[PDB]
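Have a look at the structure below, then the notes.
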Amino acid sequence: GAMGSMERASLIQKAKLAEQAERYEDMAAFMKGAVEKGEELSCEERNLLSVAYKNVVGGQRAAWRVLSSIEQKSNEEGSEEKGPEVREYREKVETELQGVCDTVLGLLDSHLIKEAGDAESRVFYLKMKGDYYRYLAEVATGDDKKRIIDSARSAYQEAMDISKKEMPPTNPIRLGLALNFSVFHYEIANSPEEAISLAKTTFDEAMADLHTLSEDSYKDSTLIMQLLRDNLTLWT
Amino acid sequence: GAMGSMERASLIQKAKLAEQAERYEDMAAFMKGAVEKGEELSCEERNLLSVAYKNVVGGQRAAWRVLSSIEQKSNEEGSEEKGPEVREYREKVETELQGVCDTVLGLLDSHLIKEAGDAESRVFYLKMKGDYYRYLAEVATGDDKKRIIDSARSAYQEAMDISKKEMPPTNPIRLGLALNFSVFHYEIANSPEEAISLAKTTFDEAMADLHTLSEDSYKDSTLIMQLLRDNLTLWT
Amino acid sequence: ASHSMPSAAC
Amino acid sequence: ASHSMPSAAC
Ligand SMILES: [Mg+2]
Ligand SMILES: [Mg+2]
Ligand SMILES: [Mg+2]
Ligand SMILES: [Mg+2]
Ligand SMILES: [Mg+2]
Ligand SMILES: [Mg+2]
Ligand SMILES: [Mg+2]
Ligand SMILES: [Mg+2]
């Protein structure tokens, strides 16, 4: 890999500089290089990896949705035929998006998940696995669509089972997991009632545990609780 | 070039899709491919080329300024030594920026400027030449800094001489040229009085020609006049 | 339009 | 902080 000659600590330092500069493709390449050194990641380093790739795939998803909308309109009744270019360019952005998701899934499988023994690291990585299968499912249309959806579901379910046994209901990893699994049910699995039930239960169990928290922990947990409430407002 | 197998019209179509998707690196690669077909560019196609590269180099310039600020702070008195990483990463972004400017300058020299005979196309390209030498001058520090500054000045001066002979004082190409040359004088050439004089004269001569314009032309010209006034407010 | 979260406060 | 312009209305 092109980062193989750079020290681990220098890759982490440069990932933080790239974040300040809003250079998220660079940030992701630096963090990929750090993972490939083979050592486990600290909490802060896990968050740098996820922020970098979220920003890269987020720009690809936004572009894909614009292009897919134009393509679908061109397939309506009365729309002028304009040739293969819209489909070709949507396909180009799709293939790039798939490549990024495959890169993240490959880092998780070789070897981040198998070396993660503490609940906080294991749940974080299994959540990420569910998220990147979810982004693959948003663009999937062929023979493997069902299997891609089931891979997202299976990763999120294993993460949920560990989080319920090992973490309090206010823990920010547990809350963000439940938030994103609820989005999976609503947007991917055609299961809006499951989405609303999960978001409601998660919100109520977190509310009842806030009394145990410091001011700083309370701020972290209530920020995510607000996102659950905002989705419930959109979905009901 | 990787775009050599694609039709000219399909490259233009995809550049417009890329703009809608906010995929400006793609947009610039499509427009580079269109220029390399060897035909002159229409007015709309010139604007697609300039918007694409402005967005690419604009992100690089913003990142370079963040990194340069961090590097300069680390060279103050009392600042902790942190190794070569800040300098290395500033250099990386700098070299990428220089490469983009060299690509645009190369398109202008081979062969857009020499085939542009009408005043509107010739002035547009000479302005662009001044702009991309200006972006090189913002990061220049060595033996060629003076020559880079003089190349920007010479391109802007030739564009000004043609624009004054061939275009009205409200023409949007002429106004944007004068705006950007005034920025060159203030920020690059250490000539704030020349900057303020040019902006003032340009504004006043445009104001006196607005009576000749349709409502739509008036909107186009007054938008640029407002930028001249905003700079004069910042500089005085 | 739905909200999701990639990070987890340390 | 200064304003500049890349395009020219047709
Ligand atoms: Mg080492
Ligand atoms: Mg394409
Ligand atoms: Mg371990
Ligand atoms: Mg042809
Ligand atoms: Mg570097
Ligand atoms: Mg000609
Ligand atoms: Mg997320
Ligand atoms: Mg400009």
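Here, residue 1 is simply the first one shown, and the rest follow in order.
Method of determination (from the header): X-ray crystallography, 1.4 Å.
Yeah, the Cβs are placed from backbone N, Cα and C, and that goes for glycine too.
Database features, via the PDB entry:
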- B:1-5: expression tag (SEQADV)
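Straight from Swiss-Prot, the features:
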- B:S10: phosphoserine (MOD_RES)
- B:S79: phosphoserine (MOD_RES)
- B:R61: site 'Interaction with phosphoserine on interacting protein' (SITE)
- B:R134: site 'Interaction with phosphoserine on interacting protein' (SITE)
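What Swiss-Prot annotates, mapped onto the structure for a quick look.
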residue : record                                                       : contacts (Cβ under 8 Å, 6+ apart)
B:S10   : phosphoserine                                                : none
B:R61   : site 'Interaction with phosphoserine on interacting protein' : B:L97, B:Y135, B:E138
B:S79   : phosphoserine                                                : B:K73
B:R134  : site 'Interaction with phosphoserine on interacting protein' : B:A152, B:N180, B:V183, B:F184, B:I188
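Under the three-state DSSP scheme, B:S10 (phosphoserine) falls in the helix class.
According to DSSP, the expression tag (B:1-5) comprises 0 helix, 0 strand, 5 coil. Of B:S10, B:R61, B:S79, B:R134, listed as recorded positions, those near chain A by the criterion of a Cβ under 8 Å from one of its Cβ atoms are B:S10.
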